[PDB]
Amino acid sequence: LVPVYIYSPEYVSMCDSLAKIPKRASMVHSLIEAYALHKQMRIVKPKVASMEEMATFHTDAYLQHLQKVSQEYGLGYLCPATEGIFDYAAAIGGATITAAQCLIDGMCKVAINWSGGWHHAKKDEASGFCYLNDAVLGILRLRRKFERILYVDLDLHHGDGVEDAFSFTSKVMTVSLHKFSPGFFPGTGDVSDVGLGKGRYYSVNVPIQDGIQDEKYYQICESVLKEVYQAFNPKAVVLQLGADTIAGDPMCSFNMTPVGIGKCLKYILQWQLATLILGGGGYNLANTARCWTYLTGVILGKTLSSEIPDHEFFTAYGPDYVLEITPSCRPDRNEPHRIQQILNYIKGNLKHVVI
Ligand SMILES: CN(C)c1ccc(C(=O)NCCCCCCC(=O)NO)cc1
Ligand SMILES: [K+]
Ligand SMILES: [K+]
Ligand SMILES: [Mn+2]
């Protein structure tokens, strides 16, 4: 059946308020609409997460504080307590939950929430602009139906909050590809990070250096997810597709285009598992929309016109007004020997995973 697209006017207005990515949610949706892709999906209005829904992961003390400061726990430079942040958080939490529920009822095989992917938040602390971990909330919901969940995080940053939540269990494997460099947030996720306790070997991390491009990135991601699929035999997938890897992002780290990320998405989609799709970082707002629109076409098996259609944010796509993103000339700092070393470490780790 058709992919579920989580959307409502009210939800977009709320997400548009997020101080770090103002109007991004509108840019993404309206570009998707301009390409007419919403006509090929099923539109589902997200529900707002309740206190008890949020507490399936977050502590009651954290949530009540979140609510309080919202009225007027890690809430500093990166997570300042501004007005209404509790409600924005509940909205995005509720949207990802709703996408998880759609997948449970076999309503669809793919459900999309581009405004989710808040991977840094911990049970009792905001972190890295994330005030609530919607991905954790969605994974926990999927656990009602699906015995083993694979979480793949292709954001520029290590998916630490989701990894930490599931660090001690073998029911959820987390796989993050990310920049790993001294001084680079959040600082965790070296290849030696494999989880803890009964969850040992059920976290995978691929530390990557600046300048990686589509070919090498896909080679890495394919080699890893092939071994992971073979060992772990997931029954459902949650996929975080933060677009702060894309050439032209203020993070100025990776040198990806949406085509490379699309090949990673295609590879996952061929498994034909229930797959919950999330956004994440993405700070060149027009490139982020270009990326997730392209990825939405990949999901629908549609090839999109190169020319950006006229729509509300048309002027954001000047001077060239095309959907494709050109790589920068920044050096690729990934030595082939080091990448091979990393992949061999992971190959080894995954031999312990036996279902
Ligand atoms: C000089 N100075 C005072 C500072 C230096 C570095 C940071 C920083 O990197 N902070 C981390 C920003 C959060 C990054 C995570 C966002 C994301 O895209 N996650 O996926 C801040 C201030
Ligand atoms: K990541
Ligand atoms: K785990
Ligand atoms: Mn990021």
Side-chain angles (χ1 to χ4, degrees), residues 18-21 24 74-80 92 115-122 126-131 133-136 139-140 143 147-191 193-209 212 217 220-221 224-225 228 231-232 234 238-246 249-254 256 261 264 278-285 287-288 291 349-350 352-353 355:
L18 272 352
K20 227 48 182 185
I21 45 164
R24 198 186 68 177
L75 297 161
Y77 195 66
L78 305 191
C79 283
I92 281 141
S115 296
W118 288 18
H119 58 172
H120 292 313
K122 311 298 187 311
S127 173
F129 309 162
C130 301
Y131 299 80
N133 206 314
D134 63 299
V136 172
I139 290 162
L140 292 175
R143 279 276 296 142
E147 156 80 36
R148 281 182 303 291
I149 314 295
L150 174 64
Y151 171 76
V152 180
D153 189 317
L154 313 184
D155 198 273
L156 176 68
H157 297 93
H158 177 223
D160 65 343
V162 186
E163 181 184 286
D164 288 348
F166 298 107
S167 190
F168 295 90
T169 178
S170 53
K171 304 301 190 165
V172 175
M173 180 176 272
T174 65
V175 185
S176 179
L177 286 53
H178 43 270
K179 176 179 179 176
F180 190 75
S181 187
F184 190 76
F185 186 89
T188 42
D190 201 351
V191 64
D193 172 1
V194 292
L196 288 160
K198 316 170 106 156
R200 189 145 106 102
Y201 311 107
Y202 291 79
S203 309
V204 177
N205 296 280
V206 192
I208 300 167
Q209 304 310 302
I212 197 138
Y217 188 103
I220 295 166
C221 187
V224 180
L225 293 180
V228 165
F232 181 65
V238 174
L239 173 55
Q240 200 274 21
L241 294 167
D244 47 10
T245 53
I246 300 304
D249 194 283
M251 293 292 138
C252 207
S253 289
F254 287 0
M256 301 284 295
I261 308 304
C264 304
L278 303 172
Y283 306 98
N284 177 317
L285 311 194
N287 275 357
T288 292
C291 187
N349 292 332
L350 284 170
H352 293 78
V353 177
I355 292 317

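These numbers come from the heavy atoms of this one structure, side chains and all, not from hydrogens, waters or symmetry mates. The first residue of the sequence shown is numbered 1, and numbering continues consecutively from there. Indexing begins at 1, ligand by ligand and atom by atom, following the structure's order.
Here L278 contributes atom CG and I92 contributes atom CD1; the two are 11.0 Å apart, rounded to the nearest 0.5 Å.
Within a 4.0 Å radius of atom 16 (C) of ligand 1, the protein has at least one heavy atom. For atom 4 (C) of ligand 1, the protein comes within 4.0 Å by no heavy atom at all. Remark: atom 7 (C) of ligand 1 lies closer than 4.0 Å to no protein heavy atom. Distance remark: protein heavy atom not present below 4.0 angstrom from atom 1 (C) of ligand 1.
Here the protein heavy atom with the shortest distance to atom 22 (C) of ligand 1 is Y77 CE2, 3.8 Å. Nearest to atom 9 (O) of ligand 1 among the protein's heavy atoms is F185 CB, 4.9 Å. Nearest protein heavy-atom contact of atom 14 (C) of ligand 1 is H157 NE2, 3.7 Å.
For a distance bound of 3.4 Å, the N, O or S atoms of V172 include one lying that close to the K ion (ligand 3). With 3.4 Å as the limit, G242 does not count as an N, O or S neighbour of the K ion (ligand 2). For the K ion (ligand 2), the N/O/S atoms of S176 include one lying under 3.4 Å. None of the N, O or S atoms belonging to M173 lies under 3.4 Å away from the K ion (ligand 3). Coordination check, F168 versus the K ion (ligand 3): failed, since every N/O/S atom of the residue sits at 3.4 Å or beyond. Contact annotation: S170 places no N, O or S atom under 3.4 Å from the K ion (ligand 3).
Ligand 1 lies less than 4.0 angstrom from a heavy atom belonging to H119.
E163 places no side-chain N or O within donor-acceptor distance of the main-chain N or O of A165, the cut-off being under 3.5 Å. Between the side chain of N205 and the main chain of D193, a donor-acceptor pair closer than 3.5 Å is present. Listed for the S253 side chain is a donor-acceptor partner under 3.5 Å among the backbone atoms of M251.
Around CZ of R148, the count of heavy atoms belonging to other residues, nucleotides or ligands within 6.0 Å exceeds 12.
Take the K ion (ligand 2) as the corner point: the lines to O of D153 and to O of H157 open at 160°, to the nearest 10 degrees.
By the 6.0 Å and 45° rule, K198 does not stack over the aromatic ring of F168.
Under a 4.0 Å criterion applied to the non-hydrogen atoms of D155, ligand 1 contributes the atoms 19 (N), 20 (O). Those atoms of ligand 1 that come under 4.0 Å of a heavy atom in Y283, given as number and element, are 16 (C), 17 (C), 18 (O).
Nearest heavy-atom pair across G161 and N133 is C-ND2, 3.5 Å. Scanning all heavy atoms of the two residues, the minimum distance from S115 to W118 falls at O-NE1, 3.7 Å.
A centroid separation of 6.0 Å or more is found between the aromatic rings of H119 and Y151.
The minimum distance between the K ion (ligand 2) and any N, O or S atom of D155 involves atom O.
Counting heavy atoms closer than 4.0 Å to ligand 1, residue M251 contributes nothing at all. When heavy-atom distances to ligand 1 are checked against a 4.0 Å cut-off, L78 comes that close only through its side chain, counted from C-beta outward.
Exactly one of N284, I261, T288, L156 qualifies for a side chain to side chain contact (heavy atoms under 4.5 Å, CB included) with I246. That residue is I261. Of the residues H158, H157, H120, the one that meets the ring pair (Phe, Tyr, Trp, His ring centres under 6.0 Å) test with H178 is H158.
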